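What follows is a set of notes on a single structure, which appears directly below.
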Amino acid sequence: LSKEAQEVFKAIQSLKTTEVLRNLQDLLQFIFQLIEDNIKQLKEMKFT
Amino acid sequence: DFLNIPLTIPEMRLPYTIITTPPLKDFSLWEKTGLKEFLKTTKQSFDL
Amino acid sequence: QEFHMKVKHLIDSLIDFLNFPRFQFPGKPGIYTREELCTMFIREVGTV
């Protein structure tokens, strides 16, 4: 509990903004790639 | 007389913004606003 | 693809925008940047 509390309290105080933002950027890029894959799939499996 | 002092204020960047206000040089409010010239005095002495 | 590029650019710009400002306090001597203040908070929080 002490070990987790120190880290979480440090995080809550806006002391991890840069790393969190970079991870969010990476995750958003991953989601964009997933969306592109889904669009390509939808093009492949047309309903006509 | 304190108001006649030409205070110099440095250049500061306000927190939580990208604004950097200009510095103030020889900021004698009593004189730079014309009160020294207007009232012919550097203070206030009143006798009723 | 275009929105992917725009979003990643926005995040990258936001990181620097957050790092840009400076901080000054009466109890803490000197003027602190974003990362300096974050580091000081990290150390103090961890030790306490």
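In the structure tokens, chains take letters A, B, ... by order of appearance, with residues numbered from 1 within each chain and ligands from 1 in the order shown.
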Report as a ChimeraX atom specification all protein, DNA and RNA residues lying within 9 Å of residue 39 of chain C, evaluated on only C-alpha atoms, omitting residues in the same chain fewer than 5 positions from it. /A:15 /C:34,44
Create the file for the chosen residues now, containing N, CA, C and O atoms and written as a PDB file, in the first residue's frame.
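part-v7.pdb was written with the following content:
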```
ATOM      1  N   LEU A  15       2.581  15.441 -12.244  1.00  0.00           N
ATOM      2  CA  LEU A  15       4.017  15.219 -12.324  1.00  0.00           C
ATOM      3  C   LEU A  15       4.397  14.204 -13.396  1.00  0.00           C
ATOM      4  O   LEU A  15       5.587  13.907 -13.553  1.00  0.00           O
TER       5      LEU A  15
ATOM      6  N   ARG C  34       8.183  24.589 -15.509  1.00  0.00           N
ATOM      7  CA  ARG C  34       7.240  23.494 -15.306  1.00  0.00           C
ATOM      8  C   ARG C  34       7.950  22.250 -14.782  1.00  0.00           C
ATOM      9  O   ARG C  34       7.557  21.679 -13.757  1.00  0.00           O
ATOM     10  N   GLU C  44       9.655  16.003  -2.884  1.00  0.00           N
ATOM     11  CA  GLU C  44       9.040  16.296  -1.593  1.00  0.00           C
ATOM     12  C   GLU C  44       7.937  15.295  -1.272  1.00  0.00           C
ATOM     13  O   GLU C  44       7.858  14.773  -0.152  1.00  0.00           O
TER      14      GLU C  44
END
```
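Near chain C, within 7 Å and using only C-alpha atoms, the residues of chain A are residues 6, 10, 15, 18, 25, 29 and 32 of chain A.
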Would you export the selected residues with N, CA, C and O atoms as a PDB file, in the first residue's frame, please?
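Wrote it out as result15.pdb, contents follow:
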```pdb
ATOM      1  N   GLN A   6       2.694   6.091  -2.767  1.00  0.00           N
ATOM      2  CA  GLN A   6       3.658   7.127  -3.132  1.00  0.00           C
ATOM      3  C   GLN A   6       3.593   7.423  -4.628  1.00  0.00           C
ATOM      4  O   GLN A   6       3.485   8.586  -5.043  1.00  0.00           O
ATOM      5  N   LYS A  10       2.182  10.837  -6.449  1.00  0.00           N
ATOM      6  CA  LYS A  10       3.052  11.592  -7.346  1.00  0.00           C
ATOM      7  C   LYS A  10       2.385  11.809  -8.698  1.00  0.00           C
ATOM      8  O   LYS A  10       2.461  12.904  -9.270  1.00  0.00           O
ATOM      9  N   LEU A  15       2.581  15.441 -12.244  1.00  0.00           N
ATOM     10  CA  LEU A  15       4.017  15.219 -12.324  1.00  0.00           C
ATOM     11  C   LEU A  15       4.397  14.204 -13.396  1.00  0.00           C
ATOM     12  O   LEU A  15       5.587  13.907 -13.553  1.00  0.00           O
ATOM     13  N   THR A  18       4.083  14.654 -19.288  1.00  0.00           N
ATOM     14  CA  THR A  18       4.762  14.425 -20.562  1.00  0.00           C
ATOM     15  C   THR A  18       4.672  12.961 -20.984  1.00  0.00           C
ATOM     16  O   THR A  18       4.310  12.653 -22.129  1.00  0.00           O
ATOM     17  N   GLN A  25      -0.582   9.752 -27.188  1.00  0.00           N
ATOM     18  CA  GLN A  25      -0.319   9.918 -28.613  1.00  0.00           C
ATOM     19  C   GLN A  25      -0.129   8.565 -29.286  1.00  0.00           C
ATOM     20  O   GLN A  25      -0.697   8.297 -30.353  1.00  0.00           O
ATOM     21  N   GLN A  29      -2.574   6.902 -32.131  1.00  0.00           N
ATOM     22  CA  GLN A  29      -2.072   6.417 -33.413  1.00  0.00           C
ATOM     23  C   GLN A  29      -2.467   4.960 -33.634  1.00  0.00           C
ATOM     24  O   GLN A  29      -2.830   4.565 -34.750  1.00  0.00           O
ATOM     25  N   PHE A  32      -6.026   4.935 -34.659  1.00  0.00           N
ATOM     26  CA  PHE A  32      -6.134   5.372 -36.048  1.00  0.00           C
ATOM     27  C   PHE A  32      -5.786   4.238 -37.003  1.00  0.00           C
ATOM     28  O   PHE A  32      -6.453   4.050 -38.029  1.00  0.00           O
TER      29      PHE A  32
END
```
Name the residues of chain B that fall into helix (DSSP H, G or I) according to DSSP on the backbone, using the chain letters and numbers of this document, as an MDAnalysis selection string. chainID B and resid 29:32 35:39
Enumerate, in order of chain and increasing residue number, the residues of chain B with an atom no farther than 6 Å from chain C, each with its shortest atom pair and distance in Å to one decimal, counting only C-alpha atoms, as a Markdown table.
```
| residue | atom | partner | partner_atom | distance |
| --- | --- | --- | --- | --- |
| B:13 | CA | C:22 | CA | 5.9 |
| B:15 | CA | C:23 | CA | 5.5 |
| B:16 | CA | C:21 | CA | 5.9 |
| B:17 | CA | C:21 | CA | 5.7 |
| B:18 | CA | C:21 | CA | 5.7 |
```
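Ranking B:19, B:30, B:25, B:14 by their shortest atom-to-atom distance to residue 42 of chain B, with only C-alpha atoms included, puts B:30 first.
Each of B:46, B:27, B:41, B:34 was compared to residue 5 of chain B using only C-alpha atoms, and B:27 turns out to be the nearest.
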